[PDB]
Amino acid sequence: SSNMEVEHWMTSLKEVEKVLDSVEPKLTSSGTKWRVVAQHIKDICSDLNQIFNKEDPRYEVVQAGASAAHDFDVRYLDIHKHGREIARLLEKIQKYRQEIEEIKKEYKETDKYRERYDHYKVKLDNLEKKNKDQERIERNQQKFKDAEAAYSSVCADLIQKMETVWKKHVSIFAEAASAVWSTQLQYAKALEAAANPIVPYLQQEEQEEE
Amino acid sequence: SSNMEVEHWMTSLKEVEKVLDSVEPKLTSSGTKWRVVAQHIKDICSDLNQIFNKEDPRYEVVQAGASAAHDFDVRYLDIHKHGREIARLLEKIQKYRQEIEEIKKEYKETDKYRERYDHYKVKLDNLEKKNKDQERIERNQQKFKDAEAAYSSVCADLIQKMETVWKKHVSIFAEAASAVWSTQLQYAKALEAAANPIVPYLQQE
């Protein structure tokens with residue numbers, strides 16, 4: 001039989017980690033998803049930019065299209081190789097993860113103090129049963145009270161630390177959300193910006209229905 | 001032994017088809033790539049939107065992103081299930097492909113007309129070499145010229161039709177390019193749109 005209110009928090013942190021361990025790989029591949037998009041556009045465009053040599057007035061549309069596709073691919077690579085938000089957050093997560101692994105090892109240390117509480121409870125039972133040395137059973141009345149005093153202290157101590165660590169997740173969860181959108185938004189902004197060469201051309205279709 | 005100028009055009013169209021075949025599958029999967037982006041965000045969001053239970057004034061920032069990530073998905077589906085521009089362009093390619101499969105056949109019938117030409121070319125040589133039946137060689141001298149003029153006409157008739165079919169590509173290649181960016185931009189616009197709720201929170205640096 002152990003300390004329930006210690007296990008609750010150790011579990012609650014364990015849970016926080018499962019979250020961190022789920023999102024970390026997701027975070028690192030966020031820029032990956034857009035790469036596919038850029039390359040997909042770049043591929044289509046420069047498929048149409050192939051055997052259309054004729055320098056037709058309509059070669060401009062396709063040419064300016066593929067120029068605008070190249071445009072995007074570069075400015076993606078820019079906000080991928082040079083974007084901070086995620087790089088930052090990943091590290092903050094790595095520190096905060098390691099920061100709960102040390103709390104695991106402080107958790108396992110406590111069980112040594114539980115051998116105190118469970119050692120001396122067994123003796124004080126047996127020594128009082130075989131009612132023989134009243135002054136020995138008096139020294140264990142102390143040792144038991146020493147074990148519970150210390151165990152209870154080191155729990156209250158660690159609980160207090162486990163609390164303050166659980167607290168951090170809130171800020172860093174918030175950062176993740178911000179950082180992700182920040183980034184995803186930045187990519188969209190880049191797609192729109194890259195499109196400027198073609199914008200004029202697009203309007204002739206948006207109307208057509210007939 | 002046959003009409004190269006005809007083939008130049010046959011080839012030139014063959015090349016246009018190669019392009020059609022290459023692009024069609026890229027075109028048809030355009031929305032696939034964005035679904036990846038859609039679902040990805042929504043995935044990261046809803047991760048952070050779980051054992052964060054105790055509603056701090058900081059449970060908002062994640063939930064406000066989480067609704068916004070969902071908002072984007074509905075934005076995406078709407079654009080996917082109702083984006084006519086691509087579907088319309090496909091249909092146009094389907095017909096334009098067909099168009100040239102139909103004139104791949106006309107190209108084959110041509111060789112029959114060529115067969116006569118080469119048959120009568122050969123006979124005139126044999127018959128004039130023999131130099132015996134003068135009335136017969138006069139008859140073939142005519143019938144070879146008949147094969148010539150006919151094949152020659154049949155060909156000039158294709159190279160104009162093929163020329164017309166080739167001309168088609170310019171317009172269609174343009175529509176493809178514009179239809180693509182039109183679609184992609186629509187998705188980008190939609191993402192920005194969805195980011196709306198989280199924009200005020202982003203002044204947190």
# chains A, B, ... in the order shown; residues from 1 in each chain; ligands from 1

$ interface_residues --of "chain A" --to "chain B" --cutoff "8 Å" --atoms "only C-alpha atoms" --output "PyMOL selection string"
chain A and resi 15-16+19+22-23+26-27+30+33-34+36-37+40-41+44-45+47-48+51-52+56+58-59+61-62+65+170-171+173-174+177-178+180-182+185+188-189+191-192+195+198+201-202

$ atom_distance --atom1 "CA of residue 8 (chain B)" --atom2 "CA of residue 122 (chain B)"
26.3 Å

$ residues_around --residues "region 92-102 of chain B" --least-positions-apart "3" --cutoff "8 Å" --atoms "only C-alpha atoms" --output "mmCIF file with N, CA and C atoms, in the first residue's frame"
data_model
loop_
_atom_site.group_PDB
_atom_site.id
_atom_site.type_symbol
_atom_site.label_atom_id
_atom_site.label_comp_id
_atom_site.auth_asym_id
_atom_site.auth_seq_id
_atom_site.Cartn_x
_atom_site.Cartn_y
_atom_site.Cartn_z
ATOM 1 N N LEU B 13 0.848 15.450 -82.429
ATOM 2 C CA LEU B 13 -0.320 15.154 -81.617
ATOM 3 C C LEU B 13 -0.015 14.062 -80.608
ATOM 4 N N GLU B 17 -0.849 14.241 -76.567
ATOM 5 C CA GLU B 17 -1.502 13.212 -75.766
ATOM 6 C C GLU B 17 -0.631 12.831 -74.567
ATOM 7 N N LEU B 20 -1.250 15.195 -72.086
ATOM 8 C CA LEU B 20 -2.566 14.984 -71.496
ATOM 9 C C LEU B 20 -2.551 13.846 -70.482
ATOM 10 N N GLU B 24 -3.340 14.550 -66.458
ATOM 11 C CA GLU B 24 -4.661 14.136 -65.988
ATOM 12 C C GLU B 24 -4.661 13.560 -64.562
ATOM 13 N N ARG B 88 -14.658 20.238 -64.808
ATOM 14 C CA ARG B 88 -14.939 20.766 -66.142
ATOM 15 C C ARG B 88 -13.762 20.588 -67.087
ATOM 16 N N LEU B 89 -12.564 20.874 -66.585
ATOM 17 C CA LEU B 89 -11.338 20.777 -67.374
ATOM 18 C C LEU B 89 -11.017 19.334 -67.760
ATOM 19 N N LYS B 105 -7.029 6.779 -86.049
ATOM 20 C CA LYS B 105 -7.650 5.816 -86.957
ATOM 21 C C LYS B 105 -7.592 6.300 -88.393
ATOM 22 N N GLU B 106 -7.960 7.562 -88.609
ATOM 23 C CA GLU B 106 -7.902 8.173 -89.935
ATOM 24 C C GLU B 106 -6.493 8.041 -90.497
ATOM 25 N N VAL B 165 -6.627 20.159 -84.862
ATOM 26 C CA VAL B 165 -6.649 19.452 -83.581
ATOM 27 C C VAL B 165 -5.475 19.867 -82.672
ATOM 28 N N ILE B 172 -6.380 24.759 -74.164
ATOM 29 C CA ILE B 172 -6.601 23.802 -73.084
ATOM 30 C C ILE B 172 -5.466 23.836 -72.060
#

$ atom_distance --atom1 "CA of residue 151 (chain B)" --atom2 "CA of residue 107 (chain B)"
12.0 Å

$ atom_distance --atom1 "CA of residue 147 (chain B)" --atom2 "CA of residue 166 (chain B)"
28.0 Å

$ residues_around --residues "residue 148 (chain B)" --least-positions-apart "4" --cutoff "9 Å" --atoms "only C-alpha atoms" --output "ChimeraX atom specification"
/B:113-114,116-117,143-144,152-153
